[PDB]
**Q** 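My questions all concern the structure below.
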Amino acid sequence: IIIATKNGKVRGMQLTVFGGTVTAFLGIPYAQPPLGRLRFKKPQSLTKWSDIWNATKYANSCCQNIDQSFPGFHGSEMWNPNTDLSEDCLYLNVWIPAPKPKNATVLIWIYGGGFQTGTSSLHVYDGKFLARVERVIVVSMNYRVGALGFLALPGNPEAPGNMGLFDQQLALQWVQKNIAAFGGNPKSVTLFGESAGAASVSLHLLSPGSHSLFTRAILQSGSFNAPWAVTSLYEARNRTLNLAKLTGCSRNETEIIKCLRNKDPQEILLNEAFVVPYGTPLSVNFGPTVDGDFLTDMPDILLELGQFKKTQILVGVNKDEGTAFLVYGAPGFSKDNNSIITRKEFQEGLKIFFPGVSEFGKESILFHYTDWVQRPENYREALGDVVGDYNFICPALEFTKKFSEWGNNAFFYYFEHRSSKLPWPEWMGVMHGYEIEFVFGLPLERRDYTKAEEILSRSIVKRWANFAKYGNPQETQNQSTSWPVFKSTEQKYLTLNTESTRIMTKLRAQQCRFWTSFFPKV
Ligand SMILES: *[C@@H]1O[C@H](CO[C@@H]2O[C@@H](C)[C@@H](O)[C@@H](O)[C@@H]2O)[C@@H](O[C@@H]2O[C@H](CO)[C@@H](O)[C@H](O)[C@H]2NC(C)=O)[C@H](O)[C@H]1NC(C)=O
Ligand SMILES: *[C@@H]1O[C@H](CO[C@@H]2O[C@@H](C)[C@@H](O)[C@@H](O)[C@@H]2O)[C@@H](O[C@@H]2O[C@H](CO)[C@@H](O)[C@H](O)[C@H]2NC(C)=O)[C@H](O)[C@H]1NC(C)=O
Ligand SMILES: *[C@@H]1O[C@H](CO)[C@@H](O)[C@H](O)[C@H]1NC(C)=O
Ligand SMILES: *[C@@H]1O[C@H](CO)[C@@H](O)[C@H](O)[C@H]1NC(C)=O
Ligand SMILES: *[C@@H]1O[C@H](CO)[C@@H](O)[C@H](O)[C@H]1NC(C)=O
Ligand SMILES: CCCC(=O)SCC[N+](C)(C)C
Ligand SMILES: [Cl-]
Ligand SMILES: [Cl-]
C-alpha cells in the first residue's frame, strides 16, 4: 500500500496477525540525517523526495554502546540493538489497522535505555498486536542517545543539549502533520514509554513546545524527577570537558565541538564510559539538561508550581524495579546463584549505588532498610528494594501526587506478575522492564505464555487502549475491578497480576517518606 505524506510517498507492507492483517511502515525518515556539521545539533527538517520510499524494514539504530555483561544470554541481549547502528538513525515506524481506519487514536512509544541505549525495532516494541487487537495506530521512533544526543554546552547551538528530546519532538510533529493520511487522529495522540522513555514522556508534559503535539501520557517505571533522569548543569559541564580531554579535543568551546565532529562515532562511544569518575549501574552519563530551550527551568520547580500540560496520566511501576541493576556492579550478586549477601556486601553495594553520598547518608539507608521483621536473604532483598524505591517507585509516586494536585485525573498501577518465561533467576522477581511485553500484547500470541498471562495482557491492552481513547483505564465488559483515580489524600492504586486485581492505598508509604523527605537533605 502507498500513502502520500507531506514529504513524499511511502510504501508499507502487509502483515498477518491473529487471522487478520496489519499494515506496517517501518523506517520512515522524519529528519535530515544528523551527520557531519549536523552532529550534536538539533534535528533539521527533512528534504522532500520524489519516487516511492520503501518503508519495509526497520532502519538503523542510533550509535550506542551495547550491553556485553552476559554474551549469549537472552535476558540481556533482548535489549541490545537488533539493527545496524549508525548516526543516520532518525526514522520512525507506523502500524495501522486493516482495513485502514478513519480517525483512530494514536499511540506513540518512546523506548527507555537510560538515554544511552535503546531502539524502536526491538521485538518487545512491535506495535502490530495493538494495531490488530485495539484498532489503534502505533508509532515509535529512534532518537539519538548518549553523547551524540545529549552532549550539553548550554546556550551553544553547536551542542545545546537535549538533542534526543528534540528528535522525539520532531517525530511527534511528524505525526501531527502526517498521521491523518494514515487514517489517524492527530487530536487523539497518547504518548507512552518505559524508564528513560517514561522520563521523556514526563518532560514532554513540561515542554511548552510539545504541549500541542499530544493528548495524554502513560509513564511506566519512570519520570523526570527520578535521581537518574536529569543531568545537572555542573555534571554536564564536567562531562563535556572530560570527554574533550579523553579525545584530545580540549580547547573556544565551539572549537571543541568542531574537533569532536571529526572524531569517529566509536572514539566517542568508547570514551563516554569514563566521563564519570564513579558512576552507578544506571550510568546515565549524558542525559536531559536544563537547556533553556526544551526545558526552561529546573523540572522540580515546574512540577511543584503546576507548570505543565494539564491532562490525564497513567503511571505505574513494577514490584522489583531494582533487582536488575544488582548484577551490574553489586558485589556478591550473580544471575547464576541465589545471591545471598552479607551486611558487609550490602554496605559495599550502597557505595556502588550512592557514590558521592556521605557516610551518614548511607548509614541512614542501612538503618531504614535493615529493621528485620535471621533470614539469609534479608540483605539481598533490602538492597533490591533500596535501588528500586530510590530510583523508580518513590519518584513515580511523588510525580503522580504532585501532578494530580493540580486537578487532573491520574491512575497508578503496581505491576506484580513475573513472566513465566523470564530468563533471569527467581530472586530477581518482577523485574524492571518486563511488563512491556504485556502492554504490547506478546502474550496474546498463543504460539508462545500461560493462559493466565494471555488474559492479563488482554486486560492491560484494553485498559491502556481505553485510556488512550477516552482517558479512563477501565475494562468495562468482563466484570473487572474499577480503576480508581489517584488523589493526594487517599492515594489509591491498582495492582496488576494473574491471581486477582486489587485496589490498594499508599504504596511504599514508609519507604517513600524516607526518600522523598529525609534523604534529599543529606
Ligand atoms: C569532574 O571530572 C574530574 C576529572 O576527571 C578525570 O578526567 C576525566 C577525563 C576522566 O578520565 C575521569 O575518570 C578522571 O577522574 C574529576 O576529578 C577526578 O576525580 C577522580 C576520582 O577518582 C580522581 O582520581 C582524579 O585524580 C580527579 N582528576 C582531577 C583532574 O581532579 C571530578 O571528580 C569530576 N567532578 C565530579 C563532581 O565528579
Ligand atoms: C554468586 O556468584 C558470585 C560471583 O562469582 C562468580 O560467579 C559464580 C557463579 C562463579 O562462577 C564464581 O566462580 C564467579 O567468581 C559470588 O561472589 C564472589 O564471591 C567470592 C567469595 O565470596 C569473592 O571472592 C568474589 O569477589 C565474588 N564475586 C563477585 C564480585 O560477585 C557469590 O559468592 C555467589 N553466591 C553464593 C552462591 O554464595
Ligand atoms: C521499492 O520496492 C519495490 C518492490 O517491487 C521495487 O520495485 C523498488 O525498486 C523499491 N525501491 C527502491 C528505491 O529500491
Ligand atoms: C477526528 O476526530 C476529531 C475529534 O476528536 C475531529 O475533530 C476530526 O474531524 C476527526 N477527523 C476526521 C474523521 O476527519
Ligand atoms: C473478556 O472475556 C472474554 C471471554 O470471557 C475473553 O475472551 C476476552 O479476552 C475478555 N476481554 C477483555 C477485553 O479482557
Ligand atoms: C542495566 C540494568 C538492566 C536493564 O534495565 S537493561 C534495559 C531495560 N530497558 C531498555 C527496558 C529499560
Ligand atoms: Cl553515622
Ligand atoms: Cl479483576
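Just so you know, residue 1 is the first one in the sequence shown, and it goes up from there. Any value given below was found using the heavy atoms of this structure, including those in side chains, with hydrogens, waters and symmetry copies removed.
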**Q** Output every pair passing salt bridge (charged side-chain N to carboxylate O under 4.0 Å, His left out) with a member in residues 423-442, not counting sequence neighbours, ordered by first then second residue.
**A**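 Every salt bridge (charged side-chain N to carboxylate O under 4.0 Å, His left out) pair that includes a residue of residues 423-442, provided the two are not neighbours, is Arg418-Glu426.
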
**Q** Show which side-chain atoms of residues 281-291 pair as donor or acceptor with protein atoms under 3.5 Å away, not counting sequence neighbours.
**A**
{"unit_1": "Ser283", "atom_1": "OG", "unit_2": "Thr280", "atom_2": "O", "d": "3.2"}
{"unit_1": "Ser283", "atom_1": "OG", "unit_2": "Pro281", "atom_2": "O", "d": "3.1"}
{"unit_1": "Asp291", "atom_1": "OD1", "unit_2": "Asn162", "atom_2": "ND2", "d": "3.2"}
{"unit_1": "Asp291", "atom_1": "OD1", "unit_2": "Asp293", "atom_2": "N", "d": "3.1"}
{"unit_1": "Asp291", "atom_1": "OD1", "unit_2": "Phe294", "atom_2": "N", "d": "3.0"}
{"unit_1": "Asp291", "atom_1": "OD1", "unit_2": "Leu295", "atom_2": "N", "d": "2.8"}
{"unit_1": "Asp291", "atom_1": "OD2", "unit_2": "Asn162", "atom_2": "ND2", "d": "3.3"}
{"unit_1": "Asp291", "atom_1": "OD2", "unit_2": "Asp293", "atom_2": "N", "d": "3.4"}
{"unit_1": "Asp291", "atom_1": "OD2", "unit_2": "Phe294", "atom_2": "N", "d": "2.8"}

**Q** Output yes when a side-chain donor or acceptor of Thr240 lies under 3.5 Å from a complementary backbone atom of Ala236, and no otherwise.
**A**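 Present.
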
**Q** Can you check whether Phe192 and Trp109 have ring centres sitting under 6.0 Å from each other?
**A**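 So the answer is yes for these two rings.
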
**Q** Would you list the pairs meeting salt bridge (charged side-chain N to carboxylate O under 4.0 Å, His left out) in which at least one residue belongs to residues 383-404, sequence neighbours left out?
**A**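 Listed once each, the pairs are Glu304-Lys402, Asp389-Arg508, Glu398-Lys402.
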
**Q** Measuring centre to centre across the rings, with the benzene-like ring taken for any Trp, is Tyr390 within less than 6.0 Å of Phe514?
**A**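 Judged by ring-centre distance (under 6.0 Å), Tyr390 and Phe514 do not meet the cut-off.
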
**Q** Would you check if there is a donor-acceptor pair between the side chains of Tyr414 and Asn497 at a distance under 3.5 Å?
**A**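 No, no side-chain donor-acceptor pair sits under 3.5 Å.
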
**Q** By the salt bridge (charged side-chain N to carboxylate O under 4.0 Å, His left out) test, which pairs, at least two apart or in different chains, include something from residues 453-462?
**A**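 Salt bridge (charged side-chain N to carboxylate O under 4.0 Å, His left out) check on residues 453-462 returns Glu134-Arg458, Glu134-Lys462, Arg446-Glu454, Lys451-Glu454.
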
**Q** Side-chain donor-acceptor pairs under 3.5 Å in residues 196-206, sequence neighbours left out?
**A**
{"unit_1": "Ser200", "atom_1": "OG", "unit_2": "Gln168", "atom_2": "OE1", "d": "3.3"}
{"unit_1": "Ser200", "atom_1": "OG", "unit_2": "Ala196", "atom_2": "O", "d": "2.9"}
{"unit_1": "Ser202", "atom_1": "OG", "unit_2": "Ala199", "atom_2": "O", "d": "2.6"}
{"unit_1": "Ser202", "atom_1": "OG", "unit_2": "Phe224", "atom_2": "N", "d": "2.9"}
{"unit_1": "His204", "atom_1": "ND1", "unit_2": "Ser210", "atom_2": "OG", "d": "2.9"}
{"unit_1": "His204", "atom_1": "NE2", "unit_2": "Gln168", "atom_2": "NE2", "d": "2.8"}

**Q** Would you please indicate if the ring centroids of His417 and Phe438 are separated by under 6.0 Å?
**A**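 Close enough - the centres of the two rings lie under 6.0 Å apart.
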
**Q** Test your reading of the model: is there a side-chain donor-acceptor pair from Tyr143 to the backbone of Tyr111, 3.5 Å cut-off?
**A**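 Judged by distance alone, yes, a pair lies under 3.5 Å.
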
**Q** Side chains of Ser223 and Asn225: do they bring a donor and an acceptor to under 3.5 Å?
**A**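 Result is yes, a qualifying pair exists.
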
**Q** Can you list the residues that meet the ring-ring contact (aromatic ring centres under 6.0 Å, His included) rule with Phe333, with sequence neighbours excluded?
**A**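 Expected list: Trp427.
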
**Q** Aromatic ring centroids of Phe392 and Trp228 under 6.0 Å?
**A**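 That pair passes the under 6.0 Å test.
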
**Q** Say whether, by atom type as modelled, one donor and one acceptor occur between the side chain of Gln44 and the main chain of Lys42 under 3.5 angstrom.
**A**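 Here the side-chain-to-backbone pair exists.
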
**Q** Under 6.0 Å between ring centres: does that hold for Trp174 and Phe25?
**A**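 No.
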
**Q** So, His432 and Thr323: side-chain donor and acceptor under 3.5 Å apart, yes or no?
**A**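 No pair is found: no donor N or O on one side chain lies under 3.5 Å from an acceptor on the other.
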
**Q** Can you tell me if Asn142 uses its side chain to pair, donor with acceptor, with the backbone of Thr119 under 3.5 Å?
**A**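 Side chain of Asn142 to backbone of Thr119: no pair is present.
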
**Q** Aromatic ring centroids of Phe486 and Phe411 under 6.0 Å?
**A**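 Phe486 vs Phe411: aromatic centres not under 6.0 Å.
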
